[PDB]
């Protein structure tokens, strides 16, 4: 029953069918936030999945049992989707959200709940989102790469502007219950990143569990795990016949997608938007 259209909530674009004024509004206003609750927030296609699998492996201290038997989307449910983690009985609760800070669960700000925000090179996010839209049922066709790029720069896509998203959420940097990390940092030193996240969550791991979290967190291990690779999804929601959720899993694929002209227009957009921002791994 997916149209591949957008509706708006507080001025932000949401895919029809998987979201509704109610589901979003409920996520925004719920008072149900707990001190040991864990949230993973990202702009779509930045590697949410990667992070979800890593923390599921950490919570079970390295035992692959849980990630092998339960679908990735049921282990870290979305807060705003029609079937939200808030609209369910299931602690320690692990949840996911793509909502931009000005819409995310307000009760969070005065709580002790933890949040890991993950950022990825917007260019690579563009490519991942481009391909994914073709096989994702809730998303309309990208159109030409060039038109898709313009849409992305205008924030005419699910969850709005990538620039607004990351800039808003970085406003939390400094609070001890907020960790900011990037796809590039995980690609560069997965183990190093896993230890760092263990510290953040107050969940130390022996050399054994650690090696195990790293092993089952690898792209190849994950693409190979049925419960984790989205292949149990209805073809009407994700066309398996035509593509995979876990597409390439690398850094830099944007250079094979952007024409030089597109790459130069993007840098102009980026330069204006990120004027006072700090330097990110992907800033070359």
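Numbering follows the first chain given and starts at 1.
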**Request:** Check whether residue 85 goes without coordinates in at least a third of the other compared PDB entries of this protein that model residues on both sides of it.
**Result:** no
**Item:** Gap size, residue 147 back to residue 146 (deposited sequence, no coordinates)
**Value:** none
**Asked** On average, which has the higher Cα B-factor in the deposited entry, 104-112 or 79-87?
**Response** 79-87
**Message:** Can you tell me whether 14-22 has a higher mean C-alpha B factor than 257-265 in this record, or the other way round?
**Reply:** 14-22
**Asked** Of the choices 166, 99, 127, 209, which one's C-alpha carries the largest B-factor in the record?
**Response** 209
**Asked** Would the CA B-factor of residue 120 place it in the lowest, middle or highest third of its chain?
**Response** lowest
**Prompt:** What third of its chain's C-alpha B-factors does residue 221 belong to: lowest, middle or highest?
**Reply:** lowest
**Complete:** Here the Cα B-factor of residue 194, set against its chain, lands in the third termed highest
**Message:** When the deposited Cα B-factors of this chain's modelled residues are ordered and cut into thirds, is residue 188 in the lowest, the middle or the highest one?
**Reply:** highest
**Message:** Split into thirds by Cα B-factor across the chain's modelled residues, where does residue 249 land: lowest, middle or highest?
**Reply:** lowest
